[PDB]
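Trainee:
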Amino acid sequence: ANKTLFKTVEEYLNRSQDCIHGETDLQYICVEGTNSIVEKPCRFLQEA
Amino acid sequence: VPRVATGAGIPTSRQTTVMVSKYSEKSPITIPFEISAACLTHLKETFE
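Line by line, the protein sequences give chains F and A. So in the entry's author numbering, spot 1 of the first sequence is number 1258, and the numbers just go up one at a time. So in the entry's author numbering, spot 23 of the second sequence is number 120, and the numbers just go up one at a time.
(1) What are the boundary residues of the alpha helix (DSSP H) that includes residue 1250 (chain F)?
(2) Against chain A, does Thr-1281 (chain F) count as a neighbour if the rule is that its beta carbon must be under 9 angstroms from one of theirs?
(3) Which chain A residues are close to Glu-1296 (chain F), counting only those with a beta carbon under 9 angstroms from its beta carbon?
(4) Drop a sphere of 10 angstroms on the beta-carbon of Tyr-1269 (chain F), count the other beta-carbons inside from all chains shown, and report buried for 16 or more, exposed for fewer.
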């Protein structure tokens, strides 16, 4: 996410298919995507 | 069932047959009702 500024937001959308799996008690990462979720500002603004 | 699936790698859940038998429930009621033998005597002894 040091792309150019309008590709950074298209990195934030097209390639943020990184979710949390649902059925697990502890939060485990997603297996096969199915959507581009609105991430947190990580990979966009890098702030907690 | 309203069927829909999609995607490139998103798993396609197959078509669904749903038949539900739902029973009825009985509730037979009863009120008691009293007529005395002294009430029934006057129709059925025929006094003067």
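Cβ atoms here follow ideal geometry from the backbone N, Cα and C, with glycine treated the same way.
Mentor: Let's see:
(1) Residue 1250 (chain F) lies beyond the range of chain F shown here (1258 to 1305); nothing can be said about it.
(2) Numbered from its first residue, the first sequence carries residue 1281 (chain F) at position 24. For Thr-1281 (chain F), not one C-beta of chain A is nearer than 9 angstroms to its own C-beta.
(3) Locating residue 1296 (chain F) in the first sequence gives position 39, where the first residue counts as 1. Here the premise fails: no neighbours, minimum Cβ distance about 19 angstroms.
(4) If you number the first sequence from 1, residue 1269 (chain F) lands on position 12. Around the beta-carbon of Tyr-1269 (chain F), 16 or more other beta-carbon atoms lie within 10 Å, marking it buried.
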